[PDB]
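Taking the form deposited in one PDB entry, here's one chain by itself in structure tokens.
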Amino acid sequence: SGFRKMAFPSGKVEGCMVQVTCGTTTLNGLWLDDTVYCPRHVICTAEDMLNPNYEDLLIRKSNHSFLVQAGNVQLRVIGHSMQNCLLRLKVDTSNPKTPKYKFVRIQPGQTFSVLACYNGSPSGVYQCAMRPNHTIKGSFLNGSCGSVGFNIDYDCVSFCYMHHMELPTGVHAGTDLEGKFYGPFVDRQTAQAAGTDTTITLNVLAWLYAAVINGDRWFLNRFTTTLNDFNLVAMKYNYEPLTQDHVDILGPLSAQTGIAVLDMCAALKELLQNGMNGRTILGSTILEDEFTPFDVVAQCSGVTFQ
């Protein structure tokens, strides 16, 4: 099986998704009015990525170097420029369903929806949250590039994110719609994953509660742990330390399942020290940290009040 995130509204953003091809690389782009925005690394060859001089690489391209596709439709490119880490392409016709929109830069902690694309075709809208290290977790972002993030307020879509790459640590890095990266990341092939592999404890605990709500029980034990003793184990295994505030956040899930947070921590402690031994939890052979308490409550707690 496996945990499924709740679908969020698309705000008609699916009608704005296009694909851009340069050379042998094809990624997703955003089409608003007669402009298409996409990651500038689309112009790079595998070799160029090692140490790209984007200004120099772009002067080697013309409007015909870019193929923009909206499904089985070609949007002819009539202008191109680079804006920070984005390629801005002018095309010969406007998106007939351009929503009212704005571009904003968000910060860690804020949630936004991302329209995932598989092989360039929209495949679902899911909620994401930027971590303090400015990366986001979301397996649906895998094997993809150029998808966008946004929030909807009444009739206005506020675009706040564009996916540029997946780091080997299974997290994703991107920019705002002005093309400036969130965090210290760059659009070239390099080792830039330091500080992105610490496991999000709050999410793992949330997911364990999700598993209990779904019927899993095997990993529960009749033991408990103090916060410090738990954190000693968490730190050794490179998990984020748990705070009393996080314990408080898990209150609703603890109340729903009748399992005290520190007792769930005792179950996690054992799983970290002994492993899952080939057993599964919510259709996974490893502990998942991509789902937040809010993700779990949205799909496993029915209706949540403000």
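So that there is no doubt, residue numbering starts at 1 and follows the sequence shown.
Between 5 to 13 and 18 to 26, it is 5 to 13 that carries the larger average Cα temperature factor according to the deposited entry. When the mean C-alpha temperature factors of 232 to 240 and 149 to 157 are read from the deposited coordinates, 232 to 240 comes out higher. Per the deposited coordinates, the residue with the largest Cα temperature factor out of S65, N274, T35, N53 is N274.
Note on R105, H163, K180, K137: the highest value goes to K137, judged by CA B factor as recorded. In the PDB entry, a CA B factor belonging to the lowest third of its chain's modelled residues is recorded for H41. Per-chain ranking of the deposited C-alpha B factor places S121 in the highest third. For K97, the recorded CA temperature factor ranks within the middle third of the chain's modelled residues. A255 sits in the highest third of its chain by CA B factor, as recorded in the PDB entry. For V261, the recorded CA B-factor ranks within the middle third of the chain. Only modelled residues enter the ranking.
Absent from the display: the form deposited with a small molecule bound. The rest refers to it.
Contact check at 4.5 Å (heavy atoms) against the small molecule in the bound PDB entry: all three of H41, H163 and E166 pass. The chain is drawn here without the small molecule; in the bound PDB entry, the stretch among 277 to 285, 253 to 261, 22 to 30, 63 to 71 whose residues come within 4.5 Å of it by any heavy atom is 22 to 30. None of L89, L141, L177, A210 but one reaches within 4.5 angstroms of the small molecule in the bound PDB entry through a heavy atom, and that residue is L141.
For the candidate set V204, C85, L115, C145, a heavy atom within 4.5 Å of the small molecule in the bound PDB entry is found for exactly one residue, namely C145. Remark: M49 counts among the residues lining the small molecule in the bound PDB entry, judged by a heavy atom distance of 4.5 Å or less. Though the partner is left out of this view, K137 does not reach within 4.5 Å of the small molecule in the bound PDB entry, counting heavy atoms only. In the bound PDB entry, no heavy atom of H80 sits within 4.5 Å of the small molecule. With a 4.5 Å cutoff on heavy atoms, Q127 does not count as touching the small molecule in the bound PDB entry; it lies far away.
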